[PDB]
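Asks: Dropping in final.cif, which is mmCIF, C-alpha atoms and all ligand atoms:
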```
data_query
#
loop_
_atom_site.group_PDB
_atom_site.id
_atom_site.type_symbol
_atom_site.label_atom_id
_atom_site.label_comp_id
_atom_site.auth_asym_id
_atom_site.auth_seq_id
_atom_site.Cartn_x
_atom_site.Cartn_y
_atom_site.Cartn_z
ATOM 1 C CA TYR C 3 -1.637 10.924 31.536
ATOM 2 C CA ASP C 4 -3.986 8.274 33.014
ATOM 3 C CA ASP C 5 -2.515 4.718 33.276
ATOM 4 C CA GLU C 6 -5.593 3.189 31.584
ATOM 5 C CA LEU C 7 -5.454 5.683 28.670
ATOM 6 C CA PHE C 8 -1.628 5.068 28.555
ATOM 7 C CA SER C 9 -2.285 1.276 28.397
ATOM 8 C CA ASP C 10 -4.950 1.747 25.604
ATOM 9 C CA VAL C 11 -2.610 4.051 23.582
ATOM 10 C CA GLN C 12 0.071 1.285 23.798
ATOM 11 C CA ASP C 13 -2.647 -1.184 22.530
ATOM 12 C CA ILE C 14 -3.321 1.200 19.585
ATOM 13 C CA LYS C 15 0.452 1.340 18.828
ATOM 14 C CA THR C 16 0.732 -2.489 18.991
ATOM 15 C CA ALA C 17 -2.258 -2.847 16.587
ATOM 16 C CA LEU C 18 -0.685 -0.273 14.171
ATOM 17 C CA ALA C 19 2.688 -2.119 14.241
ATOM 18 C CA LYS C 20 0.911 -5.419 13.344
ATOM 19 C CA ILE C 21 -0.958 -3.768 10.383
ATOM 20 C CA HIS C 22 2.347 -2.198 9.113
ATOM 21 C CA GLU C 23 4.019 -5.610 9.399
ATOM 22 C CA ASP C 24 1.126 -7.211 7.465
ATOM 23 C CA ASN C 25 1.327 -4.545 4.694
ATOM 24 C CA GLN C 26 5.025 -5.493 4.018
ATOM 25 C CA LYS C 27 4.013 -9.182 3.940
ATOM 26 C CA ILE C 28 1.356 -8.084 1.331
ATOM 27 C CA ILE C 29 3.900 -5.999 -0.728
ATOM 28 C CA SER C 30 6.272 -9.073 -0.701
ATOM 29 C CA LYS C 31 3.519 -11.413 -2.012
ATOM 30 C CA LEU C 32 2.835 -8.808 -4.760
ATOM 31 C CA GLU C 33 6.504 -8.985 -5.975
ATOM 32 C CA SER C 34 5.707 -11.802 -8.415
ATOM 33 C CA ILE C 35 2.793 -9.895 -10.152
ATOM 34 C CA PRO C 36 5.190 -8.190 -12.714
ATOM 35 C CA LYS C 37 6.871 -11.619 -13.296
ATOM 36 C CA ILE C 38 3.434 -13.160 -14.122
ATOM 37 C CA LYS C 39 2.458 -10.244 -16.444
ATOM 38 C CA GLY C 40 5.798 -10.597 -18.293
ATOM 39 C CA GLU C 41 5.527 -14.405 -18.636
ATOM 40 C CA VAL C 42 1.886 -14.200 -19.853
ATOM 41 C CA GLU C 43 2.923 -11.594 -22.539
ATOM 42 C CA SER C 44 5.779 -13.974 -23.552
ATOM 43 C CA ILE C 45 3.316 -16.989 -23.849
ATOM 44 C CA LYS C 46 1.041 -14.888 -26.123
ATOM 45 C CA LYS C 47 4.100 -14.032 -28.299
ATOM 46 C CA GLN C 48 5.188 -17.769 -28.511
ATOM 47 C CA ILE C 49 1.609 -18.839 -29.386
ATOM 48 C CA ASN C 50 1.483 -16.298 -32.265
ATOM 49 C CA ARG C 51 4.811 -17.674 -33.724
ATOM 50 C CA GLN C 52 3.302 -21.207 -33.309
ATOM 51 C CA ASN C 53 0.027 -20.238 -35.145
ATOM 52 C CA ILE C 54 2.268 -19.085 -38.057
ATOM 53 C CA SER C 55 4.242 -22.423 -38.016
ATOM 54 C CA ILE C 56 0.957 -24.417 -38.161
ATOM 55 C CA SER C 57 -0.259 -22.129 -41.026
ATOM 56 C CA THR C 58 3.075 -22.762 -42.886
ATOM 57 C CA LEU C 59 2.618 -26.554 -42.312
ATOM 58 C CA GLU C 60 -0.945 -26.178 -43.755
ATOM 59 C CA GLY C 61 0.535 -24.550 -46.898
ATOM 60 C CA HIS C 62 3.410 -27.061 -47.343
ATOM 61 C CA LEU C 63 0.856 -29.946 -47.019
ATOM 62 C CA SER C 64 -1.538 -28.433 -49.648
ATOM 63 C CA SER C 65 1.059 -29.247 -52.408
ATOM 64 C CA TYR S 3 -3.392 18.004 26.714
ATOM 65 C CA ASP S 4 -0.381 16.204 28.270
ATOM 66 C CA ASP S 5 2.909 16.446 26.271
ATOM 67 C CA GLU S 6 3.455 12.660 26.478
ATOM 68 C CA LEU S 7 -0.102 11.898 25.250
ATOM 69 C CA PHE S 8 0.428 14.639 22.559
ATOM 70 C CA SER S 9 3.713 12.919 21.515
ATOM 71 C CA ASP S 10 1.980 9.439 21.407
ATOM 72 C CA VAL S 11 -0.974 10.831 19.356
ATOM 73 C CA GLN S 12 1.605 12.225 16.848
ATOM 74 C CA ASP S 13 3.184 8.677 16.791
ATOM 75 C CA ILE S 14 -0.296 7.231 16.011
ATOM 76 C CA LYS S 15 -0.733 9.798 13.175
ATOM 77 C CA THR S 16 2.741 8.976 11.755
ATOM 78 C CA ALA S 17 1.920 5.213 11.827
ATOM 79 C CA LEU S 18 -1.463 5.868 10.077
ATOM 80 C CA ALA S 19 0.240 7.994 7.362
ATOM 81 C CA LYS S 20 2.736 5.139 6.679
ATOM 82 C CA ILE S 21 -0.112 2.535 6.374
ATOM 83 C CA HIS S 22 -2.059 4.878 3.982
ATOM 84 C CA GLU S 23 1.115 5.333 1.925
ATOM 85 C CA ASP S 24 1.616 1.536 1.822
ATOM 86 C CA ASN S 25 -2.027 0.952 0.716
ATOM 87 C CA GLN S 26 -1.462 3.186 -2.402
ATOM 88 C CA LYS S 27 1.765 1.263 -3.133
ATOM 89 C CA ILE S 28 -0.439 -1.924 -2.895
ATOM 90 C CA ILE S 29 -3.213 -0.459 -5.178
ATOM 91 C CA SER S 30 -0.451 0.500 -7.732
ATOM 92 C CA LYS S 31 0.993 -3.061 -7.752
ATOM 93 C CA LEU S 32 -2.593 -4.342 -8.311
ATOM 94 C CA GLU S 33 -2.961 -2.201 -11.513
ATOM 95 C CA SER S 34 -1.596 -5.000 -13.709
ATOM 96 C CA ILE S 35 -4.117 -7.668 -12.418
ATOM 97 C CA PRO S 36 -6.789 -6.706 -15.093
ATOM 98 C CA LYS S 37 -3.999 -6.727 -17.765
ATOM 99 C CA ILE S 38 -3.046 -10.321 -16.737
ATOM 100 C CA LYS S 39 -6.714 -11.501 -16.706
ATOM 101 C CA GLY S 40 -7.221 -10.018 -20.205
ATOM 102 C CA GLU S 41 -4.004 -11.543 -21.624
ATOM 103 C CA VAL S 42 -4.784 -14.994 -20.122
ATOM 104 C CA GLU S 43 -8.324 -14.897 -21.712
ATOM 105 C CA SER S 44 -6.653 -13.929 -25.046
ATOM 106 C CA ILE S 45 -4.139 -16.905 -24.782
ATOM 107 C CA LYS S 46 -7.074 -19.314 -24.195
ATOM 108 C CA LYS S 47 -8.808 -17.874 -27.317
ATOM 109 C CA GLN S 48 -5.581 -18.245 -29.470
ATOM 110 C CA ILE S 49 -5.070 -21.836 -28.220
ATOM 111 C CA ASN S 50 -8.653 -22.771 -29.241
ATOM 112 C CA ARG S 51 -8.074 -21.385 -32.824
ATOM 113 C CA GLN S 52 -4.763 -23.377 -32.845
ATOM 114 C CA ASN S 53 -6.502 -26.658 -31.730
ATOM 115 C CA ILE S 54 -8.846 -26.174 -34.747
ATOM 116 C CA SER S 55 -5.847 -25.597 -37.136
ATOM 117 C CA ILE S 56 -4.177 -28.829 -35.891
ATOM 118 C CA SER S 57 -7.541 -30.682 -36.310
ATOM 119 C CA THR S 58 -7.805 -29.293 -39.912
ATOM 120 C CA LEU S 59 -4.181 -30.452 -40.573
ATOM 121 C CA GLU S 60 -5.214 -33.917 -39.215
ATOM 122 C CA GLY S 61 -8.095 -34.014 -41.747
ATOM 123 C CA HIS S 62 -6.045 -32.758 -44.745
ATOM 124 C CA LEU S 63 -3.361 -35.424 -43.945
ATOM 125 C CA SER S 64 -5.939 -38.295 -43.740
ATOM 126 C CA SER S 65 -6.465 -38.030 -47.570
ATOM 127 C CA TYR O 3 -11.914 16.067 26.972
ATOM 128 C CA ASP O 4 -9.570 18.743 25.532
ATOM 129 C CA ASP O 5 -10.676 20.280 22.172
ATOM 130 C CA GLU O 6 -7.216 19.701 20.631
ATOM 131 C CA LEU O 7 -7.141 16.025 21.731
ATOM 132 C CA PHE O 8 -10.810 15.764 20.502
ATOM 133 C CA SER O 9 -9.734 17.243 17.112
ATOM 134 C CA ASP O 10 -6.713 14.805 16.885
ATOM 135 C CA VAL O 11 -8.923 11.779 17.801
ATOM 136 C CA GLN O 12 -11.292 12.821 14.940
ATOM 137 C CA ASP O 13 -8.155 12.974 12.654
ATOM 138 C CA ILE O 14 -7.267 9.401 13.775
ATOM 139 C CA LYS O 15 -10.857 8.255 12.988
ATOM 140 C CA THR O 16 -10.749 9.941 9.537
ATOM 141 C CA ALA O 17 -7.385 8.228 8.764
ATOM 142 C CA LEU O 18 -8.807 4.818 9.896
ATOM 143 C CA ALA O 19 -11.929 5.277 7.698
ATOM 144 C CA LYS O 20 -9.688 6.005 4.650
ATOM 145 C CA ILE O 21 -7.545 2.846 5.295
ATOM 146 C CA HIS O 22 -10.747 0.699 5.681
ATOM 147 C CA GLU O 23 -12.069 2.177 2.428
ATOM 148 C CA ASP O 24 -8.743 1.390 0.696
ATOM 149 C CA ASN O 25 -8.771 -2.235 1.998
ATOM 150 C CA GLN O 26 -12.186 -2.854 0.270
ATOM 151 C CA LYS O 27 -10.786 -1.306 -2.938
ATOM 152 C CA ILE O 28 -7.871 -3.836 -2.525
ATOM 153 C CA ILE O 29 -10.250 -6.826 -1.857
ATOM 154 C CA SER O 30 -12.253 -5.796 -5.019
ATOM 155 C CA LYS O 31 -9.089 -5.732 -7.200
ATOM 156 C CA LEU O 32 -8.246 -9.216 -5.800
ATOM 157 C CA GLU O 33 -11.626 -10.636 -7.037
ATOM 158 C CA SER O 34 -10.144 -11.608 -10.409
ATOM 159 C CA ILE O 35 -7.205 -13.651 -8.883
ATOM 160 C CA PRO O 36 -9.318 -16.927 -8.730
ATOM 161 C CA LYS O 37 -10.505 -16.229 -12.339
ATOM 162 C CA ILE O 38 -6.834 -15.980 -13.495
ATOM 163 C CA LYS O 39 -5.808 -19.173 -11.598
ATOM 164 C CA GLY O 40 -8.744 -21.061 -13.187
ATOM 165 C CA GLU O 41 -8.015 -19.783 -16.726
ATOM 166 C CA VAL O 42 -4.267 -20.582 -16.419
ATOM 167 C CA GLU O 43 -5.121 -24.193 -15.276
ATOM 168 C CA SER O 44 -7.502 -24.441 -18.295
ATOM 169 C CA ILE O 45 -4.716 -23.212 -20.739
ATOM 170 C CA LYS O 46 -2.337 -25.890 -19.351
ATOM 171 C CA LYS O 47 -5.072 -28.539 -19.925
ATOM 172 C CA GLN O 48 -5.705 -27.317 -23.572
ATOM 173 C CA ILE O 49 -1.937 -27.290 -24.296
ATOM 174 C CA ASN O 50 -1.614 -30.925 -23.097
ATOM 175 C CA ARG O 51 -4.491 -32.039 -25.458
ATOM 176 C CA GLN O 52 -2.702 -30.055 -28.250
ATOM 177 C CA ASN O 53 0.707 -31.766 -27.552
ATOM 178 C CA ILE O 54 -1.137 -35.115 -28.011
ATOM 179 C CA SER O 55 -2.723 -33.922 -31.342
ATOM 180 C CA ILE O 56 0.735 -32.887 -32.667
ATOM 181 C CA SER O 57 2.153 -36.290 -31.513
ATOM 182 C CA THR O 58 -0.744 -38.071 -33.358
ATOM 183 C CA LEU O 59 0.014 -35.950 -36.495
ATOM 184 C CA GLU O 60 3.705 -37.030 -36.134
ATOM 185 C CA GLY O 61 2.595 -40.703 -36.128
ATOM 186 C CA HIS O 62 0.117 -40.385 -39.048
ATOM 187 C CA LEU O 63 2.877 -38.637 -41.116
ATOM 188 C CA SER O 64 5.493 -41.383 -40.379
ATOM 189 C CA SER O 65 3.486 -43.827 -42.619
ATOM 190 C CA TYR V 3 -10.159 8.987 31.794
ATOM 191 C CA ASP V 4 -13.175 10.813 30.276
ATOM 192 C CA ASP V 5 -16.099 8.551 29.177
ATOM 193 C CA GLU V 6 -16.264 10.231 25.737
ATOM 194 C CA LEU V 7 -12.494 9.810 25.151
ATOM 195 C CA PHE V 8 -12.866 6.193 26.498
ATOM 196 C CA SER V 9 -15.732 5.600 23.994
ATOM 197 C CA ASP V 10 -13.644 7.113 21.082
ATOM 198 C CA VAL V 11 -10.559 5.000 22.027
ATOM 199 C CA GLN V 12 -12.826 1.881 21.889
ATOM 200 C CA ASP V 13 -13.986 3.114 18.393
ATOM 201 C CA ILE V 14 -10.291 3.370 17.349
ATOM 202 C CA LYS V 15 -9.672 -0.203 18.640
ATOM 203 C CA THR V 16 -12.759 -1.524 16.772
ATOM 204 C CA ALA V 17 -11.564 0.169 13.524
ATOM 205 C CA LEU V 18 -8.029 -1.323 13.990
ATOM 206 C CA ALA V 19 -9.482 -4.836 14.578
ATOM 207 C CA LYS V 20 -11.513 -4.552 11.315
ATOM 208 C CA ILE V 21 -8.391 -3.457 9.304
ATOM 209 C CA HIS V 22 -6.340 -6.376 10.812
ATOM 210 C CA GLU V 23 -9.165 -8.766 9.902
ATOM 211 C CA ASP V 24 -9.233 -7.357 6.339
ATOM 212 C CA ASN V 25 -5.417 -7.732 5.976
ATOM 213 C CA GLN V 26 -5.699 -11.532 6.690
ATOM 214 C CA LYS V 27 -8.539 -11.751 4.134
ATOM 215 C CA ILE V 28 -6.076 -9.996 1.701
ATOM 216 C CA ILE V 29 -3.137 -12.367 2.592
ATOM 217 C CA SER V 30 -5.530 -15.369 2.012
ATOM 218 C CA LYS V 31 -6.563 -14.083 -1.459
ATOM 219 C CA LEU V 32 -2.818 -13.682 -2.250
ATOM 220 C CA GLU V 33 -2.161 -17.421 -1.499
ATOM 221 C CA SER V 34 -2.841 -18.410 -5.115
ATOM 222 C CA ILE V 35 -0.295 -15.879 -6.616
ATOM 223 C CA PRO V 36 2.661 -18.411 -6.351
ATOM 224 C CA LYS V 37 0.365 -21.121 -7.870
ATOM 225 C CA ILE V 38 -0.354 -18.819 -10.880
ATOM 226 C CA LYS V 39 3.364 -17.916 -11.336
ATOM 227 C CA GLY V 40 4.276 -21.640 -11.275
ATOM 228 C CA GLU V 41 1.517 -22.645 -13.738
ATOM 229 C CA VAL V 42 2.403 -19.787 -16.151
ATOM 230 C CA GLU V 43 6.126 -20.890 -16.103
ATOM 231 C CA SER V 44 4.930 -24.485 -16.801
ATOM 232 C CA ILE V 45 2.739 -23.296 -19.806
ATOM 233 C CA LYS V 46 5.778 -21.465 -21.278
ATOM 234 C CA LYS V 47 7.837 -24.698 -20.908
ATOM 235 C CA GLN V 48 5.064 -26.841 -22.613
ATOM 236 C CA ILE V 49 4.741 -24.292 -25.462
ATOM 237 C CA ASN V 50 8.523 -24.452 -26.121
ATOM 238 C CA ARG V 51 8.394 -28.328 -26.358
ATOM 239 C CA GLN V 52 5.363 -27.885 -28.714
ATOM 240 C CA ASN V 53 7.236 -25.345 -30.966
ATOM 241 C CA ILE V 54 9.977 -28.026 -31.321
ATOM 242 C CA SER V 55 7.366 -30.748 -32.222
ATOM 243 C CA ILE V 56 5.870 -28.474 -34.938
ATOM 244 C CA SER V 57 9.435 -27.736 -36.229
ATOM 245 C CA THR V 58 10.136 -31.541 -36.332
ATOM 246 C CA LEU V 59 6.814 -32.051 -38.234
ATOM 247 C CA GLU V 60 7.974 -29.292 -40.675
ATOM 248 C CA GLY V 61 11.225 -31.238 -41.279
ATOM 249 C CA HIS V 62 9.571 -34.688 -41.646
ATOM 250 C CA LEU V 63 7.093 -33.159 -44.189
ATOM 251 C CA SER V 64 9.894 -31.522 -46.288
ATOM 252 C CA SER V 65 11.010 -35.044 -47.456
HETATM 253 CA CA CA G 101 -7.551 -1.269 28.450
HETATM 254 CA CA CA G 102 5.944 8.088 23.942
HETATM 255 CA CA CA G 103 -4.306 18.896 15.690
HETATM 256 CA CA CA G 104 -17.801 9.539 20.197
#
```
Produce structure tokens that represent the structure in this file.
Ligand SMILES: [Ca+2]
Ligand SMILES: [Ca+2]
Ligand SMILES: [Ca+2]
Ligand SMILES: [Ca+2]

Replies:
Amino acid sequence: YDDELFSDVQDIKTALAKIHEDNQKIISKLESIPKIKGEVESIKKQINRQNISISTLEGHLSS
Amino acid sequence: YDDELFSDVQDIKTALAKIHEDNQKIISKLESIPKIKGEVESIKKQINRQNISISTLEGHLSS
Amino acid sequence: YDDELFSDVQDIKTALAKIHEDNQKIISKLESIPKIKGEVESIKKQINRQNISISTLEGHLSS
Amino acid sequence: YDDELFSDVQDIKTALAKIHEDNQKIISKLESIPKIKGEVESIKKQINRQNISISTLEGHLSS
């Protein structure tokens, strides 16, 4: 096991450890994606109820 | 093929397998991004129709 | 250069190529993030204009 | 340290450097995810206030 190859293998291991670390940082930042999807689907639902309220107001005014 | 180099190569392979695994976890979490974009574009569309309804209500009231 | 080490180095290269490929797939899926941010900021703007229209309708009714 | 193994180790290092570079590009693209979550939660809040305004307009009209 040559010292230089040993040193380069340790460099490869260090690089791999940094990539793994960065992947978990990525997975953490992706934790709020299902929160956003949920909130967006809730907004859509609230807007639909609102469209109905405005349509009811349109009816009650046309009298 | 030195045992120690063999053992370190297996460590490199294990690290690579974990990164690959984490990439698929990342790709899975990114599956709901086109759902969010679609929903957001739908909200915008519903809001525009709503703005028109409120503008119509403004007209029908000013009579 | 031992055949077995040669074969394992080629395995390492194949694994690396798959990870690189998966990163570009990830970057592609992340292309619609600035579209979503933009649309969301537009919705907020449209909602504010709407809140004003409803407040104007409240005033015109209280007469 | 065989020249061919040396050359392949340098290829492994180059591949690792490209993946690391791509991870930071990924982390950068993920910077606007907490902006989107925040804006979406703000929209929801504005919509709720709006639903109340329309409900108040419904009351003031039914008189
Ligand atoms: Ca070196
Ligand atoms: Ca070891
Ligand atoms: Ca093998
Ligand atoms: Ca080569």

Asks: Within 12 Å of chain C, which residues belong to chain O? Use all atoms listed in the file and report them as a ChimeraX atom specification.

Replies: /O:11,14,18,21-22,25,28,32,35,38-39,41-42,45-46,49,52,56,59,63

Asks: Restricting it to C-alpha atoms, dump the selection as a PDB file, in the coordinates of the input.

Replies:
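This is the output file part.pdb:
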```
ATOM      1  CA  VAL O  11      -8.923  11.779  17.801  1.00  0.00           C
ATOM      2  CA  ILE O  14      -7.267   9.401  13.775  1.00  0.00           C
ATOM      3  CA  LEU O  18      -8.807   4.818   9.896  1.00  0.00           C
ATOM      4  CA  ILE O  21      -7.545   2.846   5.295  1.00  0.00           C
ATOM      5  CA  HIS O  22     -10.747   0.699   5.681  1.00  0.00           C
ATOM      6  CA  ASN O  25      -8.771  -2.235   1.998  1.00  0.00           C
ATOM      7  CA  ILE O  28      -7.871  -3.836  -2.525  1.00  0.00           C
ATOM      8  CA  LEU O  32      -8.246  -9.216  -5.800  1.00  0.00           C
ATOM      9  CA  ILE O  35      -7.205 -13.651  -8.883  1.00  0.00           C
ATOM     10  CA  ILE O  38      -6.834 -15.980 -13.495  1.00  0.00           C
ATOM     11  CA  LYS O  39      -5.808 -19.173 -11.598  1.00  0.00           C
ATOM     12  CA  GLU O  41      -8.015 -19.783 -16.726  1.00  0.00           C
ATOM     13  CA  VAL O  42      -4.267 -20.582 -16.419  1.00  0.00           C
ATOM     14  CA  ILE O  45      -4.716 -23.212 -20.739  1.00  0.00           C
ATOM     15  CA  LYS O  46      -2.337 -25.890 -19.351  1.00  0.00           C
ATOM     16  CA  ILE O  49      -1.937 -27.290 -24.296  1.00  0.00           C
ATOM     17  CA  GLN O  52      -2.702 -30.055 -28.250  1.00  0.00           C
ATOM     18  CA  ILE O  56       0.735 -32.887 -32.667  1.00  0.00           C
ATOM     19  CA  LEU O  59       0.014 -35.950 -36.495  1.00  0.00           C
ATOM     20  CA  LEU O  63       2.877 -38.637 -41.116  1.00  0.00           C
TER      21      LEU O  63
END
```

Asks: Pull out every residue that the PyMOL selection byres (((not hetatm)) within 7 of (chain G and resi 103)) matches in the shown coordinates and put them as a VMD selection string.

Replies: chain O and resid 6 9 to 10

Asks: Mind pulling up the distance from CA of residue 43 (chain V) to CA of residue 61 (chain O)?

Replies: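 CA of residue 43 (chain V) lies at a distance of 28.4 Å from CA of residue 61 (chain O).
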
Asks: Would you compute the box with edges along x, y and z of the file around region 28-33 of chain O, including every atom the file lists for it and 6 Å extra on each side, and give its centre and edge lengths in Å to one decimal, as AutoDock Vina command-line options?

Replies:
```
--center_x -10.1 --center_y -7.2 --center_z -4.5 --size_x 16.4 --size_y 18.8 --size_z 17.3
```

Asks: Could you state the separation of CA of residue 20 (chain C) and CA of residue 24 (chain O) in Å, given to one decimal place?

Replies: 17.3 Å

Asks: State, in Å with one decimal place, the distance from CA of residue 7 (chain O) to CA of residue 23 (chain O).

Replies: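 Computed distance, CA of residue 7 (chain O) to CA of residue 23 (chain O), equals 24.3 Å.
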